[PDB]
Amino acid sequence: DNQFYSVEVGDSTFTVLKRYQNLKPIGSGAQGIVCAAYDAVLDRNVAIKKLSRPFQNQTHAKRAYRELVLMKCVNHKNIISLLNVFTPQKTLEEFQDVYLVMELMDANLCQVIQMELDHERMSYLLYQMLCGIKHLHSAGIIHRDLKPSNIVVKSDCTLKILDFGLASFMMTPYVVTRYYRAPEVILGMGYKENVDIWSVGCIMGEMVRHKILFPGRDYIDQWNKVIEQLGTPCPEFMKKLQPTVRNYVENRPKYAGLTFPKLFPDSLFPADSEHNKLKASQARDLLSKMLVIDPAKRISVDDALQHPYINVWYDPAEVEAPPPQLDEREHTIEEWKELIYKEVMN
Ligand SMILES: CNC(=O)c1cc(-n2ncc3cc(Nc4c(F)cccc4Cl)c(COC)cc32)cs1
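Position numbers follow the written sequence of each chain, starting from 1, instead of the entry's numbering, which may differ; residues with no coordinates are not represented. Each side-chain value is worked out from all heavy atoms of the structure, with water and hydrogens disregarded. Residues with missing side-chain atoms are left out of burial classes, side-chain pairs and their counts.

This entry, as listed in the PDB, derives from X-ray crystallography and reports a resolution of 2.00 Å.

1. Some thoughts on the sheet that holds strand β4 (residues 33–39)
The criterion, for reference: Should DSSP find at least two bridges between two strands, the strands are regarded as paired. Counting from the N terminus, the helices are the DSSP runs of H or I reaching at least four residues and the strands are the DSSP runs of E reaching at least two. Convention adopted: a line fitted to C-alpha atoms gives each axis, helices being fitted over their contacting stretch, and angles between N-to-C directions are expressed from 0 to 180 degrees.
Read across the open sheet, the five strands follow the order β3-β4-β5-β7-β6; overall the sheet is antiparallel. Only two strands of the sheet have a single neighbouring strand rather than two, namely β3 (20–27) and β6 (84–86). Across this sheet, the average inter-strand angle for adjacent strands is 25°, counted without regard to direction. The sheet contact formed by β4 and strand β5 (residues 44–52) spans seven bridges and is antiparallel. If you follow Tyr38 over to β5, its bridge partner there is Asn45.

2. Re the site of the ligand
To be explicit about the condition: By convention in this text, a residue qualifies as near a molecule or strand provided that one of its non-hydrogen atoms is within 4 Å of it. Distance and chemistry together define a polar contact, namely a pair of N or O atoms within 3.5 Å, with one atom able to donate a hydrogen and the other to accept it when in protein, and with adjacent residues in sequence counting only for side-chain atoms on both sides. Each residue is assigned to one of three groups, with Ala, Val, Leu, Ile, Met, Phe, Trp, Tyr, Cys and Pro labelled nonpolar, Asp, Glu, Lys and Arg labelled charged, and all others, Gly among them, labelled polar. Just so you know, the domain bounds were taken from an automatic or database domain assignment.
With respect to spatial proximity, 16 residues lie near the ligand, and among them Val34, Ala47, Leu100, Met105 and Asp106 are the closest. Contact distances for the ligand include 3.0 Å between a nitrogen atom and a backbone N or O atom of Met105. Take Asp106: an N or O atom from its main chain is 3.5 Å from an oxygen atom of the ligand. Elements with a minimum of two residues in the shell around the ligand: β5, β7 (97–103) and β8 (107–108). Tallied by class, residues from the shell around the ligand come to twelve nonpolar, one polar and three charged. Shared between two domains, the shell around the ligand holds at least three residues of each, these being domain 1 (4–106) and domain 2 (107–321).

3. Some words on the UniProt feature "binding site: ATP" in the protein
Condition: UniProt positions are given in the numbering used here, feature names are shortened, and annotations may be inferred rather than shown by experiment. Note on contacts: a residue pair qualifies if any of its non-hydrogen atoms lie within 4.5 Å across the two residues. Accessibility here uses a 1.4 Å probe with only protein chains present; expressed as a share of the type maximum, an area under 20% marks a residue as buried, one over 50% as exposed, and anything in between as partly exposed.
According to UniProt, the "binding site: ATP" feature falls on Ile26, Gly27, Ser28, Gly29, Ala30, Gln31, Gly32, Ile33, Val34 and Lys49. Across 24 residues of sequence, these annotated residues stay compact in space, with a maximum C-alpha separation of 14.4 Å. Relative to the assigned elements, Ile26 resides in strand β3. If sequence neighbours within four positions are ignored, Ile26 has contacts with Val34, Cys35, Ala36, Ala47 and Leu104. Residue placement: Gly29 occurs in the loop between β3 and β4. On the basis of relative accessibility, which here comes to 38%, the residue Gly29 falls in the partly exposed class.

4. Some words on the side chain of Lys147
Looking at the secondary structure, you find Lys147 in the loop between α3 (119–138) and β9 (151–153). Judged by its relative accessible area of 7%, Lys147 falls in the buried class. A distance of 2.9 Å separates a polar atom in the side chain of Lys147 from the backbone oxygen of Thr177. Those residues in contact with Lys147, other than ones at most four positions away along the chain, are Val176, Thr177, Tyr180 and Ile203.

5. Considerations on the state of the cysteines
The cut-off we apply is this: Put simply, a disulfide is two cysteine sulfurs that come within 2.5 Å.
With the rule as written, the count across this model stands at zero disulfides. Here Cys234 is not disulfide-linked; the sulfur of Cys202 is the nearest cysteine sulfur, at 19 Å. Accessibility expressed as a relative area gives 41% for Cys234, which makes it partly exposed.

6. As for the domain arrangement of the protein
As a reminder, the rule being used: Reported buried area values correspond to the accessible surface (1.4 Å probe) lost by two parts on association, with both partners' losses combined. Whenever a carboxyl oxygen of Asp or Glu lies within 4 Å of a side-chain nitrogen of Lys or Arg, that contact is scored as a salt bridge.
Segmentation of the protein into domains returns domain 1 (4–106) and domain 2 (107–321). Just the C-alpha atoms count here: the centres of domain 1 and domain 2 sit 29 Å apart. On the domain 2 side, the residues contacting the 21 residues of domain 1 number 28 residues. Of the roughly 2300 Å² buried at the junction of domain 1 and domain 2 (both faces included), carbon and sulfur atoms supply 59%. On the domain 1 side of the contact with domain 2, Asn78, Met105 and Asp106 bury the most area, a combined 28% of that side's loss. Here domain 1 and domain 2 share three salt bridges between them. At the boundary of domain 1 with domain 2, the tally comes to 17 residue pairs in polar contact. The biggest single contributor to the side of domain 1 that touches domain 2 is helix α1 (residues 58–70), with seven residues.

7. Concerning the sheet that holds β8
Taken together, three strands build an open sheet; the order of strands is β8-β9-β10 and the sheet is antiparallel. In this open sheet, the two edge strands, each paired with only one partner strand, are β8 and β10 (159–161). Sheet strands in contact with α3 are β9 and β10, and its direction is about 35° off that of β10.

8. Let's talk about the pairing of β7
Buried residues dominate β7, accounting for six of its seven residues. Pairing between β5 and β7: seven bridges, direction antiparallel. By the bridge assignment, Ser52 is partnered in β7 with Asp97. Two strands pair when backbone bridges link them, and β6 and β7 are joined in this way by three bridges, in the antiparallel orientation. Bridge pairing in β7 links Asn84 to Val101.

Put into structure tokens, the structure is as follows:
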């Protein structure tokens, strides 16, 4: 009679529509436990994410509402698209949980990063990342927090970005991964579309080095890794800085910065055949153009898509697909609950 049923995965309770069977865990973290399942109605495997009272506080609520709203604005194969959204609760007063359903992928990009990838797969993953970012930008969405843990991949090299980036305080075991954020974000500068190119360069470089490029306890540590490796930025960059942050950055110890042959030596690249020698030099060239502190000097998304390392995959239908409510302010728990509930059941 009832449309739903409940099972215990890990230690969370999943109450899902009966069409979804054989729930197995695949991931946990920030704002959602996730299960794989078989969708008996679509005859395909899916991933199901549980949002446990997303309205419980501002940080959870703004992200839940935003990503439920934004996913109807984008339509692109390298960007999340939902198959279903539902709550097992019946009225607003009973509402607690939201369940999101998408295609089941094969792996997280963190997993792929730990592998040895030929140039064809690396360049195809990066090409798809840039296509998705370009689609987001065309829809007026600048991500600012692109990171591998929110990117998923299938065995055939196809890739999807799962989140929409930045707009806090969390009272939980949770901690935010900040290593892929641009200097604009680290330093509070304001930004344009190519803020996301930095994060792609951080992902790129980690595929080559198999180590996080700019680790650190906080932005303090992080900034130190940035300047130690790329060198202190030019005065032209300093002048963009708010006057207090400028003082801190200018008074940091001055480093000259390593060249990119030394940051990404030949050893890290496939370079036995002439084809692979050439691709290694094209890869390091692209790296040197997106790991650039000053956004005025950093390569754009469009130019990155024309780079010789990337454009071997080009095709008009992928990079330029037709683009498409609103982003809201501070609300109470009660108000967020109703906003999310109403978006859940359009
Ligand atoms: C055999 N397959 C595997 O081992 C793997 C499959 C995946 N995989 N595939 C899809 C997918 C979606 C989400 N998040 C999510 C969701 F489930 C539903 C709606 C929205 C969102 Cl953002 C997560 C959780 O990411 C932290 C992992 C996911 C990763 S490893």
